[PDB]
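Given as structure tokens, the chain that follows is alone and in the form deposited in one PDB entry.
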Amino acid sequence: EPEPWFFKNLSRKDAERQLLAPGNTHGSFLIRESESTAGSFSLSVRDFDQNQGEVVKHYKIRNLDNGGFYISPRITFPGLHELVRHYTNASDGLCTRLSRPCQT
């Protein structure tokens, strides 16, 4: 029963592909297993830029030894639910606030 935003095995390119597809918009996001760092996760989010138009940005979600997650060292969370709630409430460094999970 994965959360609506959790796409365990989706590649970075397929995340981009789906996030940029109809049904999604600015703020649309998903969390998937990182293709760069084994055992960690990546956050993919759609954003609208002045010149780029529609774009997707990726953030590495780093793991804290013995439990915990952070995108920026300055603020950590005990779990992904807390992290998603935090960035849903404030962009706090990110390119935009997390709005709705990727629609498929």
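Rigid core here is just the name for the largest C-alpha set that superposes within 1.5 Å across the two forms. Only residues modelled in both forms are compared. Position 1 is the first residue in the sequence shown; the rest follow in order.
- Averaged over Cα atoms, the B-factor as recorded in the entry is higher for 53-61 than for the other of 53-61 and 27-35.
- Annotation for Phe48: C-alpha temperature factor in the highest third relative to the rest of the modelled chain, per the entry.
- Ranked by C-alpha B-factor against the other modelled residues of its chain, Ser40 falls in the middle third.
- Per-chain ranking of the deposited C-alpha B factor places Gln18 in the lowest third.
- Sort the chain's modelled residues by C-alpha temperature factor and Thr96 lands in the highest third, per the entry.
- When the CA B factors of the chain's modelled residues are split into thirds, the value for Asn9 lands in the middle one.
Absent from the display: the form deposited in another entry. The rest refers to it.
- Put the two forms on the same core and the Cα of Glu35 is off by 2 Å or more between the shown form and the other one.
- When the two forms are overlaid on the core, consecutive residue runs of 3+ whose CA positions all differ by 2 Å or more between the shown form and the other one map to 34-39, 49-51.
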